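Engineer: Residue numbers (this note's numbering), protein chains in the order written: chain A, 1 to 49; chain B, 1001 to 1219.
One structure coming up, written as structure tokens, with questions to follow.
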């Protein structure tokens, strides 16, 4: 009962977003809460944030 | 009071330098040392590739014969290209290579203005003896990180642009050695740039931004 069937493939590129789950290997999990700007992050003495 | 002046600029390598602002009164040296870092890391005029159009490939997720890298890998390599333009806000870069052997940023034909600061940046490797690649690169100025999504023909690819010449800014406050004063502090700022912006003009722009912002709540 079908003449022709067409398949169309879509390739989305999902980024990271507040709400996406993120878990370590040791059993620690939790959702992202804010994508802070680079300057607001803490930084050690040498300057690397 | 006292006035800080740009006393010494020294470059340890081709990327990062150490500017100096000698006379500062106690407490300032730790206020400017953070203002000029927060301003510097978030708003600087930089140039990065934004649109790459290769001759034969339609979309990103398509392999090209004779190239070791996937087209996605070529795009990600191109995003990190460090180039600077002098006079025009928009420019088109043409790359033409043939034969076996890696391609590099130096292979790009150079106009009068656009010059590449790191001619050892590898873009893609050519494996087959009779393979070729020709791409058009659109390079423009900007400020901050502009994702591709928030910004017509099928044969034109989109790459996220990150206009930010400065990567890692660090500062410290050392006591000055004035022959008759005390509590005077000199400030040293390290700026791990990508090689496009000059240190002194970077400091000048990051201070003009403050001078404009402060004029809001002041006569």
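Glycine included, each C-beta is placed from N, C-alpha and C at the ideal position.
1. So what does residue 1110/B bridge to, in DSSP terms?
2. Report yes or no: is there a C-beta of chain B within less than 8 Å of the C-beta of residue 36/A?
3. Compare the C-beta of residue 47/A with all C-beta atoms of chain B and state if any pair is closer than 8 Å.
4. Check whether the Cβ atoms of residue 1047/B and residue 1085/B lie closer than 8 Å to each other.
5. Can you give the Cα-Cα distance for residue 1166/B and residue 18/A, rounded to whole angstroms?
6. Only counting the same chain, and skipping five residues up and downstream in sequence, which positions put a Cβ closer than 6 Å to that of residue 1007/B?
7. May I have the straight-line CA-CA distance separating residue 1083/B from residue 1014/B, to the nearest angstrom?
8. Between which residues of its own chain and residue 1194/B is the CB-CB distance below 6 Å, once the five residues before and five after are set aside?
9. Starting from residue 98/A, find everything on chain B with Cβ-Cβ shorter than 9 Å and list it in chain order.
10. Name the one or two DSSP bridge partners that residue 1096/B has.
11. May I have the straight-line CA-CA distance separating residue 1063/B from residue 1073/B, to the nearest angstrom?
12. What do you get for residue 29/A, buried or exposed, if any count of 16 or more other CB atoms within 10 angstroms of its CB means buried?
13. Beta-carbon within less than 6 Å of residue 1056/B's beta-carbon, same chain only, minus the 5 sequence neighbours each way: which residues are those?
14. Shortest alpha-carbon distance to residue 1109/B belongs to which of 1100/B, 1126/B and 1091/B?
15. Does any residue of chain A bring its CB to less than 8 Å from the CB of residue 1170/B?
16. What does a CB cutoff of less than 7 Å around residue 1119/B pick up in its chain, not counting 5 residues either side in sequence?
Structural biologist: According to the structure shown:
1. Per DSSP, none; premise fails for residue 1110/B.
2. no
3. yes
4. yes
5. 26 Å
6. Same-chain partners within the cutoff: 1020 and 1022.
7. Approximately 14 Å, taken between the alpha carbons.
8. 1082 and 1165
9. Nothing about residue 98/A can be reported from this structure: the residues present for chain A run from 1 to 49 only.
10. 1134/B
11. 10 Å
12. exposed
13. none
14. Just measuring C-alpha positions, the residue of 1100/B, 1126/B and 1091/B sitting nearest residue 1109/B is 1091/B.
15. Yes, because at least one Cβ of chain A sits closer than 8 Å to the Cβ of residue 1170/B.
16. 1104, 1105 and 1106
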